[PDB]
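What follows is a short report on a single structure.
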Amino acid sequence: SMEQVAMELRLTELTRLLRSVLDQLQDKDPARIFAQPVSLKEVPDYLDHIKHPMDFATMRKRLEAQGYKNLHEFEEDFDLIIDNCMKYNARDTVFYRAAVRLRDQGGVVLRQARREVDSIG
C-alpha cells in the first residue's frame, strides 16, 4: 500500500537525520571511551552492575536496521551510555568525567534535533 510506503519514507528520513545526530554525538567523544561495548573479558562483573549496557556501535547497528521508530528511543539509548558510565565509575575518574562532558555537549545537539524532528515531521 501507498500508506505503508509513505510511513517507510518517514522512517528512512528519520534514520538519515539520526545518523547525522549520532556522528555529531560521537565527535564529542574524541577519546572513544563510548565507541564499543564494555568488554566482559576485561570487566567480568559488568553485568552484575549494569543491566542494560549501551555504546555507540550498538546504536549504530540498530540505526542501520532502522530500528529507531522515533527520537525518544534514540535519546533513551544515548542516555544509557551516559547513565551506565556515571553509575559504574566513580566521580574522580576519566570515564565519569568523559560522560559528563558528553552529556553537556550532547544536550545541545539533541535540543536542536528535537526541533528538526517536530519541524520536519
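A few points about this structure:
- Cβ-Cβ distance of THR93 and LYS61, R₀ of 30 Å, FRET efficiency by 1/(1 + (r/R0)^6): the value works out to about 0.65.
- Partner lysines for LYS28 [C-alpha distance under 21 Å; skip if fewer than 8 residues away on the same chain]: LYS61, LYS87
- Label-to-label distance, nm, for residues given as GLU73 and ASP45 (7 Å Cα→Cβ offset): 3.5 nm
- A protection proxy built from the mean count of other Cβ atoms within 10 Å ranks the segments 89-96, 77-84, most packed first, as 77-84, 89-96.
- In order along the stretch 55-67, the phi-based Karplus estimate (6.51 cos²θ - 1.76 cosθ + 1.60, θ = phi - 60°) of 3J(HN,Hα) comes to 7, 4, 5, 5, 5, 4, 4, 4, 4, 6, 8, 6, x Hz; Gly and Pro are listed as x.
- Least to most buried among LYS61, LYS41 (fewest other Cβ within 10 Å first): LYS41, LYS61
- 3J(HN,Hα) couplings calculated from phi for the stretch 105-118 with the Karplus curve 6.51 cos²θ - 1.76 cosθ + 1.60 (θ = phi - 60°) are, in sequence order, 5, x, x, 6, 3, 6, 5, 7, 4, 5, 6, 5, 7, 4 Hz; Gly and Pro show x.
- Dipole check for the chain: with +1 at the C-beta of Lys and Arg, -1 at the C-beta of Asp and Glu, and the Cα centre as origin, the magnitude is about 240 Debye.
- Taking 0.36 nm per residue of separation and subtracting the Cα-Cα distance, full extension of the segment from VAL5 to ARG32 would add 6.0 nm.
Every number here is computed from the coordinates shown, using simple stated rules; none is lab data. As a convention, Cβ positions derive from the backbone with ideal geometry for all residues, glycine included, and neighbour counts pool all protein chains shown.
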